[PDB]
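Below, chains carry the letters A, B, ... as their sequence lines are ordered, and counting in each starts from 1. Heavy-atom basis, side chains included; hydrogens, waters and symmetry copies ignored.
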Amino acid sequence: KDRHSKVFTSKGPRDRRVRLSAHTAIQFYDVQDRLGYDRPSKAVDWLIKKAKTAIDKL
Amino acid sequence: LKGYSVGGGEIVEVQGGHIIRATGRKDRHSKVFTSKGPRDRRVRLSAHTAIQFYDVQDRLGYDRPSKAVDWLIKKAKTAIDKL
DNA sequence: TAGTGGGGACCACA
DNA sequence: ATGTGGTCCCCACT
């Protein structure tokens, strides 16, 4: 049995993994590698930080 | 740039990059080639990151998380272009 | 029948 | 003791 935590979301508990489409993954990993991060999670942290102005308009 | 494979799945050119066909049939997902070599298209977000990311996905109204990553990359284009 | 998204499990580790 | 990152199979669907 797996012991990975899920997170609370507006639609219920959610697994912490995401599958990226091929084109999205290629662009995402370009960002991650240009940032020098070993863990993808740190790259989406950075994307969320840099997209904050747009996110707040949602 | 050149090579049929890393040495390995068949390397297939796509728009903006290259994908790698599955090397077997029990799992037929393609991988992608990146500056650090072949990579899986699936990533695990830390709990803190996942919560924020799904909030963005849910506020966008998107069914698939990959589309929310697309949106984030677009909205970050300014910061990305400066490295 | 070739590639998909996403569930469950597992390795190695703390 | 209860998580971790990352990935291996697998199921349903195309």
Sequence neighbours excluded - salt bridge (charged side-chain N to carboxylate O under 4.0 Å, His left out) pairs with any residue from residues 74-83 of chain B: none
Salt bridge (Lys or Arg N to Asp or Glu O under 4.0 Å) partners for B:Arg64, two or more places apart: none
Residue list, salt bridge (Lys or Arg N to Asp or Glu O under 4.0 Å) with A:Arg17, at least two apart or on another chain: A:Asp15
Distances for protein N or O near nucleotides 9-14 of chain C N or O, under 3.5 Å:
| from | atom 1 | to | atom 2 | distance (Å) |
| --- | --- | --- | --- | --- |
| C:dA9 | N6 | A:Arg17 | NH1 | 3.2 |
| C:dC10 | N4 | A:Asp2 | OD1 | 2.8 |

Angle of first-five versus last-five pair axes in the helix from C:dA2-D:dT14 to C:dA14-D:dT2, to 10 degrees: 40°
Sugar-phosphate only, base, or nothing, as touched by A:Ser41 at under 4.0 Å among non-hydrogen atoms: nothing
Counterpart residues, side chain to side chain contact (heavy atoms under 4.5 Å, CB included), relative to A:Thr24 (two or more places apart): A:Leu20, A:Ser21, B:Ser66, B:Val69, B:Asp70
Residue list, side chain to side chain contact (heavy atoms under 4.5 Å, CB included) with A:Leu58, at least two apart or on another chain: B:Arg59, B:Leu60, B:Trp71
Nucleic acid contacts of residues 29-40 of chain A, taken as heavy-atom distances under 4.0 Å to DNA chain C: none
Under 4.0 angstrom between A:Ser21 side-chain N/O and C:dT4 OP1 or OP2: no
Test side chain to side chain contact (heavy atoms under 4.5 Å, CB included) applied to B:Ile20 - qualifying residues, sequence neighbours left out: B:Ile11, B:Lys31, B:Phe33, B:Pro38
Counterpart residues, side chain to side chain contact (heavy atoms under 4.5 Å, CB included), relative to B:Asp58 (two or more places apart): A:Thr9, A:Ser10, A:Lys11, A:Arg14
Any residue meeting salt bridge (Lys or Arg N to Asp or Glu O under 4.0 Å) with B:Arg28, in chain and number order, not counting sequence neighbours: none
Residues from residues 8-20 of chain B lying under 4.0 Å of DNA chain C - heavy atoms: none
Short side-chain N/O contact from B:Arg41 to OP1 or OP2 of C:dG6, under 4.0 Å: no
Donor-acceptor pair, side chain of B:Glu13 and main chain of B:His18, under 3.5 angstrom: no
